[PDB]
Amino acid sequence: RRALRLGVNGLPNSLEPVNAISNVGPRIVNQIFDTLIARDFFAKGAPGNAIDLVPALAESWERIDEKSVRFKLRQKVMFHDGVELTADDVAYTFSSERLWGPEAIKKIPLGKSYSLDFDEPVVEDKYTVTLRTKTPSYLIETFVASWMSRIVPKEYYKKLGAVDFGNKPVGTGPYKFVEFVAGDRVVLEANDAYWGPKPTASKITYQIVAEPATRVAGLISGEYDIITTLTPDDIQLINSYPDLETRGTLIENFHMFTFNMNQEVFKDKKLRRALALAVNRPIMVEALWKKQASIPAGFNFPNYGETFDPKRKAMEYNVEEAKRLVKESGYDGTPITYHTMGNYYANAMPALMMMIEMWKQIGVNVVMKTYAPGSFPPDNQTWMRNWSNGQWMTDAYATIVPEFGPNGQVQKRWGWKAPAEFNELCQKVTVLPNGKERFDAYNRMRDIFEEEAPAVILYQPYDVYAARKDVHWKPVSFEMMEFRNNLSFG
């Protein structure tokens, strides 16, 4: 076969599937690992956005009650080291020890905050395991199809520890691990024992090319087969080449900017709300995205299904109100830093430049502070910063509760003093079934989020890739790359 060469925007700090949840991690861990349930993005001729759930490591599954789903596992599946996958590896994957228990915080910092209210799994036999929650939860199924639920080998994982495992991953996926050089590359090779639609590449290299211009020059050279994290501003040049083309889709993710609310200037919602009210998203969508970005009506997305509100109003744009709020705040005109890891997010630096001018017009002075990967300063040294959230469930629970809820990093690490009402509705939605009460609680949470402005939603980016026309691969509507039945050459 042919070795696949990818020019990427970045690499994760770990290949441990939960510690790799990011914009740059899933495109690699999707190859090394498998989930029990998988999403079939290409079902019924869909352009990589189908929401269909198909069996993967679990040949079948059945909800027993409001707290548990029994999985019947595929037999003779092998981990990359020849160890057979059993219900024991599945129990360990979702165990208190490895993922949601108090001890797990040390190994997987965000594991507990991103997990459901789990109870210990029950192994029925070598190929049957029941995944359980201590309280009623109809979210088990979407969680098991997610980036939180890639299956790890119990013995090898325990032998190495979560940290050492992140540097030498072992999974059941189509590509086995070969090498990980931090700040340089990840090399994978075909797992010809995949259970499993056969890998079509002999090797895959994820090479960091932090500058998008060097990434485009690389594809034209051509040092790469496919490049990631481009901007619609690159579309005309790449598409003029006869052997090159762009492939892009709107993904189930939103770009945003957030604050360190532990800082004096961001303790009260007034200056956060003023900055949010001056963000002119429609011009940013023209200037930078060429109409290829979607401004959502709040923390509300179609993939939420029954908890998506299609009648919700757009987020407010009000420069006069923003001006008044800056005057009403204790802000004195002192510069505020906004940290960004270059263009890790597409259009991050041109978006900040545009917003800096919008903010200067309402009386706020924002300065760009750029930083290299691995050099993010202590929390204490940061004020504003960009971020993104992948909506990883077919429900509104993610990501408002895992990220912005009472037990999340935005309140616990970044200092958001959320109102009591916001945290009460977070608990209610987690345990209430779908209905009038749960739909309304999410809307009231969305209304609270906009007034509080702990983060400011910008848009759903159109994820732009560029590839050699002789590399047949289609983007999916998520921050990952899929090669199963979606990769061929010539």
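We call the rigid core the largest set of C-alpha positions that still match within 1.5 Å between the two forms. The first residue of the sequence shown is number 1, and the count goes up from there.
*Asks:* Which of the two stretches, 145-153 or 385-393, moves more in 8 other deposited structures of this protein when the core is held fixed, judged by C-alpha RMS distance?
*Replies:* Larger mean C-alpha displacement, comparing 145-153 and 385-393 in 8 other deposited structures of this protein, is found in 385-393.
*Asks:* Rigid core superposition, C-alpha RMS per stretch in 8 other deposited structures of this protein: which comes out larger, 403-411 or 166-174?
*Replies:* With the rigid core superposed, the C-alphas that lie farther in 8 other deposited structures of this protein are those of 403-411.
*Asks:* Should the higher mean CA B-factor in the entry be assigned to 404-412 or to 325-333?
*Replies:* That would be 325-333.
*Asks:* Decide which of the stretches 385-393 and 74-82 has the higher mean C-alpha B-factor, going by the entry.
*Replies:* The stretch with the larger mean CA B-factor is 74-82.
*Asks:* Determine which member of 344, 254, 241, 301 has the highest CA B-factor, using the values in the deposited entry.
*Replies:* That would be 241.
*Asks:* Based on the PDB record, which member of 178, 91, 274, 297 exhibits the highest Cα temperature factor?
*Replies:* Of the options given, 178 has the highest CA B-factor in the PDB entry.
*Asks:* Rank-wise, by C-alpha B-factor, drop residue 27 into the lowest, middle or highest third of its chain.
*Replies:* It falls in the bottom third of the chain.
*Asks:* Could you say whether, by C-alpha temperature factor, residue 447 belongs to the lowest, middle or highest third of its chain?
*Replies:* Tercile = lowest for this residue's CA B-factor.
*Asks:* Is the Cα B-factor recorded for residue 163 in the lowest, middle or highest third of its chain?
*Replies:* Residue 163: CA B-factor falls in the highest third of its chain.
*Asks:* For residue 15, does the deposited CA B-factor place it in the lowest, middle or highest third of the chain?
*Replies:* Middle third by C-alpha B-factor.
*Asks:* Against its chain's modelled residues, does residue 248's Cα B factor rank lowest, middle or highest third?
*Replies:* Ranked within chain, residue 248 CA B lands in the lowest tercile.
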